[PDB]
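*Asks:* I have a structure I would like to understand better, so I am pasting it below and will then ask my questions one at a time.
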Ligand SMILES: O=[N+]([O-])c1ccc(/C=N/NC(=S)N[C@@H]2O[C@H](CO)[C@@H](O)[C@H](O)[C@H]2O)cc1
Ligand SMILES: O=[N+]([O-])c1ccc(/C=N/NC(=S)N[C@@H]2O[C@H](CO)[C@@H](O)[C@H](O)[C@H]2O)cc1
Ligand SMILES: O=[N+]([O-])c1ccc(/C=N/NC(=S)N[C@@H]2O[C@H](CO)[C@@H](O)[C@H](O)[C@H]2O)cc1
Ligand SMILES: O=[N+]([O-])c1ccc(/C=N/NC(=S)N[C@@H]2O[C@H](CO)[C@@H](O)[C@H](O)[C@H]2O)cc1
């Protein structure tokens with residue numbers, strides 16, 4: 001049907017149809033009479049996956065023959081979403097499969113909806129890893145993602161009585177067609193035990209062993225025939241485990257719990273032993289695999305020439321002392337050489353400055369679980385502090401500030417400090433974030449080793465986040481500038497030549513309208529919720545956090561409602577305000593925010609005076625597959641975190657690429673987005689970082705804002721008095737108390753500017769032609785935010801490897 | 001190579017080779033450079049399984065169209081062993097696959113060794129179910145085996161320091177190519193809760209729900225294109241289970257533990273809650289599935305015309321009150337009609353008379369776990385006892401004897417009594433066993449309802465137990481009488497015409513010698529144990545139990561050793577005495593018997609005076625795949641249980657079919673084997689049932705035997721004094737004490753006759769020609785013991801269906 005979706009050749013369609021029928025018969029053991037829609041999905045998945053196999057084998061064979069430097073991306077999170085469409089896109093099979101299924105009497109889009117998200121991540125950090133794997137494959141890098149195969153991913157969110165309920169995400173229930181178990185590469189991981197010192201060095205003994213079984217998932221590049229590997233480890237008990245008899249077998253569950261479930265905290269640290277076990281488990285199994293592959297190329301001098309390890313936050317920080325352990329204890333290298341190799345091998349990416357998100361492991365936990373690693377960490381710390389002492393003689397406070405060991409009630413290891421000491425490069429994820437790292441939380445480290453500190457502004461893959469989720473936009477773009485932009489997103493700049501082109505303006509607006517109609521119908525069918533598709537789609541989707549200020553959005557929503565009630569017969573630009581996102585199950589305030597949103601909807605959506613002019617909808621179960629639907633439908637992207645708190649954001653970039661305008665603070669990547677598009681083409685409001693700092697120095701007094709803004713006072717009084725919870729008048733007391741007395745994120749301080757800026761948004765939306773021209777200006781300058789650019793920078797400036805757009809033979 | 005293994009057509013071989021290569025590539029994601037022997041096994045398994053699919057679908061479609069009466073065989077055990085060779089045999093693919101793999105440069109026999117046994121059974125009862133499924137398919141019956149998919153089957157046995165160690169049988173680790181998950185037929189099973197009485201009857205409420213997910217395994221008939229189904233249930237938690245958050249997800253293990261592990265007790269009852277849960281789980285899920293299939297044919301009058309349920313022992317006895325529950329509580333049938341349907345539907349097979357093996361569930365367990373079933377059982381008992389009271393007025397002791405409810409310290413439900421009351425047929429598994437049921441333990445029930453009591457002598461499938469494990473014997477037989485005997489084993493009688501045929505005698509003896517050489521080499525390679533292949537192979541393989549009297553075998557072995565030591569330069573017929581079998585992990589005496597056997601070996605096998613004249617080997621990890629190797633190699637089959645204790649035995653029949661002579665008591669099926677072959681062609685010794693009874697009446701005094709048999713006294717003194725355990729002189733005190741003072745199985749009473757009978761065996765073995773002629777007489781009369789005969793009898797006399805040898809179209 002549409003060009004960017006590839007060719008539907010006679011030969012290809014015929015072949016797909018017969019392979020589809022073969023799988024239905026031989027693989028699913030069904031015929032057309034008993035086959036369910038799920039069977040049809042599986043037959044298609046198997047049919048498509050067959051096309052990956054030859055390329056997957058030949059890519060890995062290529063890397064064996066050429067022996068390039070290998071990149072190991074270590075993450076506890078890979079937020080992959082669905083795989084079927086992505087695979088078809090990258091293999092140019094989409095139109096052929098659409099035709100083949102059509103001729104079999106099936107609707108491919110319906111089949112696509114059956115696939116579970118691989119929800120092995122919480123949010124931005126997890127999805128960043130996924131985008132990165134796609135870009136690394138597209139850029140022909142010999143890259144491997146290593147993580148954990150969680151049996152349960154991020155929980156499915158249900159809204160009951162306006163409250164979040166969690167249910168287990170049993171995503172493997174029907175089997176995963178996109179993985180291959182690799183039991184022959186099963187590796188032992190050690191826990192507990194004790195350290196013995198011999199004549200011939202330290203030895204870690206009396207350990208408990210858990211097996212790490214790998215599962216390989218293919219990562220196809222965009223039409224370059226490259227298929228890289230994501231290897232995820234699953235925990236398995238050894239067969240003599242606990243080996244009255246019955247209980248010993250049942251106790252195997254204890255070992256296997258390691259890979260059972262993803263911890264559902266976004267930007268928050270919980271010092272739980274099971275989490276520590278997961279972190280070591282992925283690190284220990286991965287490093288053995290790396291070394292095995294390296295030996296099958298004795299001399300570890302060349303190790304950093306053949307291996308790069310990227311640490312996605314501090315979660316896999318134990319790679320540093322684990323590499324030291326292997327090199328020193330097992331390979332018998334001297335400390336200084338082992339350390340040189342380690343530093344040259346590892347690089348660390350920081351993803352947050354929020355203090356509650358930083359990993360600080362109690363010493364007593366490491367002592368019990370990983371006694372040898374603790375000793376190695378102490379030694380690293382001693383040698384590191386000796387360097388600090390020589391660089392800054394007499395500066396005793398610097399020594400305690402920089403120590404990997406934090407003194408206090410409970411001694412803790414600062415994992416961030418460990419990562420900086422043991423890495424040749426440390427990067428933040430947006431220019432302002434990286435500057436804040438050098439200026440504030442890692443200032444001491446920057447002063448010691450300035451050369452280590454870099455920026456690598458985040459990006460998103462334009463395969464998933466344009467071609468896949470918004471084929472209509474991808475097509476009208478390709479009609480004008482060709483298809484090359486899909487793997488060279490900077491080419492979108494050519495669209496600036498069409499900003500006055502009446503045909504293009506009409507087409508951009510038409511694609512948006514179609515996306516909105518499609519999403520409005522999705523809402524009715526799957527959720528019985530009715531919306532006006534001619535309204536401005538005002539969307540804030542992201543994890544629920546105080547720093548992300550969903551609460552500020554709520555205050556705007558109530559302001560609009562109160563203004564309508566005040567002057568009912570005055571014209572207002574109609575809005576559909578959509579807010580979605582999961583709250584961490586232990587995060588009370590986030591759960592209260594969700595309840596507030598639904599409570600506001602309950603009042604607003606049933607007020608006859610309001611009509612279809614204002615609707616407030618909570619988007620349930622926000623996840624990658626939902627993002628792919630709502631983002632193309634959005635008009636307005638809410639990116640309203642307090643300046644200095646969102647390290648980068650990536651949702652922001654997704655919206656920019658898909659034709660929504662942005663209202664946001666100068667925070668994270670918003671700054672660079674505004675710089676690329678021009679500040680005139682962005683809705684910027686609120687305190688800058690410096691303004692926040694000034695306010696902190698003076699002391700933030702929320703009462704002052706309450707006293708001086710009558711519209712804000714009204715809202716607080718409505719909240720307190722029970723306007724939004726009539727049968728439970730004090731329901732929102734915690735929220736009011738926080739806003740009034742303990743607001744770390746200064747919701748009130750940005751309120752006036754936010755509302756005024758929102759008025760400017762509504763004014764522009766009244767003029768469809770000028771709204772769309774500004775949209776074109778955003779899409780046209782969104783090129784910098786491709787993860788291909790990001791990965792090319794990692795490759796050149798950190799990993800020391802050149803990307804290649806060259807095809808492997810088919 | 002050999003005829004019975006089928007044709008190796010040019011077309012077939014070419015096709016197998018390309019499908020093998022296809023699976024290696026697309027299924028295993030390997031090429032020949034990296035492929036391991038396990039990959040090669042899997043490629044072959046997938047290649048062979050492809051041939052089942054069309055027949056499997058068309059068999060089930062056939063049953064839907066024809067709607068025959070369906071047979072449901074309910075068992076907690078299916079001891080299947082390996083599936084690859086069995087499938088090739090039944091599909092006539094063995095020579096084609098052998099040729100295809102040969103041309104690919106692979107040895108098929110080596111690949112076959114890679115497959116794990118499906119070890120979902122303990123011993124005879126579990127393997128009986130497996131033989132039965134094979135026969136039901138071969139006889140064209142619309143039959144389904146229903147059981148539990150245990151994640152862990154019978155433990156792997158390791159011998160360490162002469163002691164049994166258990167390790168988890170993680171048989172699913174590499175995946176099972178012979179199953180298809182059927183998540184669309186997932187069903188809820190209820191536990192706990194409470195009973196509410198309404199105007200509209202009883203209701204079972206507030207239950208905990210566990211999901212039952214079915215996995216289907218094909219059961220091919222012998223060359224008739226019939227493929228039946230074995231459906232095994234796996235336990236799954238519902239997604240809102242326990243739904244702080246992390247623990248709730250980890251707690252899902254509690255629900256799923258139901259299908260985790262097979263209870264490893266052979267002929268012994270342990271009243272554990274988890275076992276009860278397993279029993280109800282299989283019953284509840286199965287009955288819902290049966291009813292669903294029945295409705296997709298309102299009127300339950302026709303239920304018994306369309307459904308037979310066979311209860312394999314009392315393990316699935318809850319089917320009776322579960323059927324009543326569904327019919328009465330859910331379908332709203334009156335009690336009397338529900339009961340009529342239930343009785344006409346269910347039949348019960350008893351597998352033991354040992355009192356410690358009988359299931360007697362504490363009332364307090366049923367009260368908590370299955371409150372509604374307890375009420376139904378009480379009601380069944382009341383109505384049943386009212387019938388007894390009317391039939392035998394005034395006989396109050398009969399009333400308490402026949403009650404389903406046992407009074408005492410803890411009230412218990414006698415599950416055997418439940419099964420008799422609720423079944424239209426009750427059968428024992430060999431003529432003497434069925435007679436003992438009517439005469440002793442179920443005498444009261446027989447007097448009340450004589451028509452219910454039947455015999456169905458056990459059998460074994462000649463596919464696995466001749467063609468598969470002994471192709472050489474199968475071939476020399478087919479050369480003379482054709483191939484028809486494989487599904488009509490009575491035809492073996494034609495071999496009586498060859499008892500004087502010199503060519504046949506030579507061939508029978510040659511096949512045995514080859515089998516012995518092959519097994520002697522298996523022992524050296526896999527276990528570094530060296531044996532004389534010219535010795536008599538004296539084999540006792542079966543679970544370790546006091547009733548099976550491995551101890552009596554031990555006493556014979558020591559007698560032989562002592563006699564050799566006494567007269568070292570006298571000629572004796574050389575023997576290799578092999579004993580193997582697992583002990584239940586909690587059964588102390590059985591574990592001591594294993595230690596004794598290894599301890600005897602340690603002395604005997606290293607005595608220079610003995611030389612190669614006597615060797616004692618403990619066969620480690622006895623299981624179906626090992627049986628297939630050792631049974632064809634055996635000369636002498638030890639079947640030496642105390643008369644009246646082995647209900648049937650089936651190992652006995654396996655040996656008879658494979659050319660071993662039998663030394664045994666007149667117990668279980670041995671009686672019918674001797675009757676078929678002629679008592680002159682059997683080595684019968686020892687007390688009959690009546691002699692045991694006489695001895696019990698008088699009182700068994702072991703001391704009397706010790707006092708009068710000097711050779712027996714010597715052995716006991718050697719055991720006591722530490723002759724067989726020099727560094728632990730009292731190691732075997734428990735064994736001596738048991739033999740001397742508390743021997744329920746009268747080991748000493750059969751000792752003299754046993755030893756004398758063993759002398760007669762040795763005498764015959766000295767004359768190879770006459771040994772072999774007697775062997776031919778055994779093989780020739782082994783036809784009765786085909787499970788095809790057994791199943792044809794069940795079909796005609798219990799299930800009310802006619803077997804059919806007619807082919808379905810290919
Ligand atoms: O994505 N690709 O390109 C891909 C992935 C896998 C294969 C081959 N796969 N081959 C096997 S046998 N896959 C198995 O399938 C089971 C579910 O059916 C899984 O539970 C199991 O973990 C997995 O190993 C081939 C291609
Ligand atoms: O379960 N635990 O214990 C856990 C889980 C996750 C975290 C941290 N999660 N951290 C995230 S998701 N960080 C995000 O990273 C994105 C990509 O750079 C940025 O765009 C974004 O600004 C930033 O907030 C911390 C602890
Ligand atoms: O024996 N036959 O005839 C047979 C059995 C199965 C199939 C088709 N099978 N098709 C699938 S997708 N099999 C899956 O495979 C996984 C391991 O790879 C298992 O873990 C999983 O339980 C199983 O359902 C086809 C034929
Ligand atoms: O784990 N639990 O709780 C358990 C397991 C098994 C049993 C009983 N297992 N019972 C057996 S294996 N019975 C056997 O049946 C064979 C077939 O008829 C006969 O040939 C043989 O004579 C007879 O002993 C009892 C309890």
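If you go along the chain as it appears here, the first residue is 1 and each next one adds 1.
This deposition comes from X-ray crystallography, 2.0 Å.
Every residue gets a Cβ built from N, Cα and C, even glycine.
So Swiss-Prot lists these for the protein:
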type	residues	note
MOD_RES	A:3	phosphoserine
MOD_RES	A:192	phosphotyrosine
MOD_RES	A:215	phosphotyrosine
MOD_RES	A:403	phosphoserine
MOD_RES	A:446	phosphotyrosine
MOD_RES	A:487	phosphoserine
MOD_RES	A:654	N6-(pyridoxal phosphate)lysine
MOD_RES	A:720	phosphoserine
MOD_RES	A:721	phosphoserine
SITE	A:97	site 'Involved in the association of subunits'
SITE	A:131	site 'Involved in the association of subunits'
SITE	A:144	site 'Can be labeled by an AMP analog'
*Asks:* Please name which of the recorded positions listed here, A:3, A:131, A:403, A:720, A:721, is nearest in space to residue A:215 (phosphotyrosine), Cα against Cα.
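*Replies:* Checking each of A:3, A:131, A:403, A:720, A:721 against residue A:215 (phosphotyrosine), the shortest Cα distance is to A:131.
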*Asks:* Whole-number Å only: compute the distance from the Cα of residue A:403 (phosphoserine) to the Cα of residue A:720 (phosphoserine).
*Replies:* 46
*Asks:* Say you check the Cα of residue A:721 (phosphoserine) against those of the recorded positions A:144, A:192, A:446, A:487; which is nearest?
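*Replies:* Looking at Cα distances from residue A:721 (phosphoserine), the smallest one goes to A:446.
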*Asks:* Hey, how far is residue A:720 (phosphoserine) from residue A:487 (phosphoserine), Cα to Cα, in Å?
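*Replies:* Residue A:720 (phosphoserine) and residue A:487 (phosphoserine) have their Cα atoms 53 Å apart.
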*Asks:* Let me make sure I understand the structure: which of the recorded positions listed (A:144, A:192, A:446) has the fewest other Cβ atoms within 10 A of its Cβ?
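*Replies:* Lowest Cβ count within 10 Å among the recorded positions (A:144, A:192, A:446) is A:192.
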*Asks:* Give me the CA-CA distance between residue A:192 (phosphotyrosine) and residue A:131 (site 'Involved in the association of subunits'), in Å, as a whole number.
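*Replies:* Residue A:131 (site 'Involved in the association of subunits') has its Cα 36 Å from the Cα of residue A:192 (phosphotyrosine).
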*Asks:* Under a three-state reading of DSSP, tell me whether residue A:215 (phosphotyrosine) is helix, strand or coil.
*Replies:* strand
*Asks:* Tell me the Cα distance separating residue A:97 (site 'Involved in the association of subunits') from residue A:446 (phosphotyrosine), rounded to the nearest angstrom.
*Replies:* 53
*Asks:* Rounded to a whole number, what is the Cα-Cα distance in Å spanning the 9-residue gap between residue A:297 and residue A:298?
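*Replies:* Across the gap, the Cα atoms of residue A:297 and residue A:298 sit 10 Å apart.
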*Asks:* Restricting to the chain of residue A:654 (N6-(pyridoxal phosphate)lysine) and a gap of 6 or more, list residues whose Cβ falls under 8 Å of its Cβ, or answer none.
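*Replies:* Listed in sequence order: A:460, A:465, A:627, A:631.
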*Asks:* So which of the recorded positions A:3, A:97, A:403, A:446, A:654, A:720 sit close to ligand 1, that is, with a CB under 6 Å from an atom of it?
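*Replies:* Cβ < 6 Å from ligand 1: none of the recorded positions.
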*Asks:* For the recorded sites listed here, A:97, A:131, which shows the highest count of neighbouring CB atoms within 10 A?
*Replies:* A:97
*Asks:* If one looks at the chain holding residue A:3 (phosphoserine), which residues at least 6 apart in sequence have a CB under 8 angstroms from its CB?
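*Replies:* Looking at Cβ-Cβ distances below 8 Å from residue A:3 (phosphoserine), excluding near sequence neighbours, one finds A:475, A:478, A:479, A:483.
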*Asks:* Just checking, which of A:403, A:487, A:720, A:721 (modified residues) has the fewest C-beta atoms within 10 Å of its C-beta?
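*Replies:* Result for the modified residues A:403, A:487, A:720, A:721: minimum number of other Cβ atoms within 10 Å at A:721.
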*Asks:* I need the nearest neighbour of residue A:487 (phosphoserine) among the recorded sites A:97, A:131, A:144, using C-alpha distances.
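*Replies:* Result for residue A:487 (phosphoserine): the nearest of the recorded sites is A:131.
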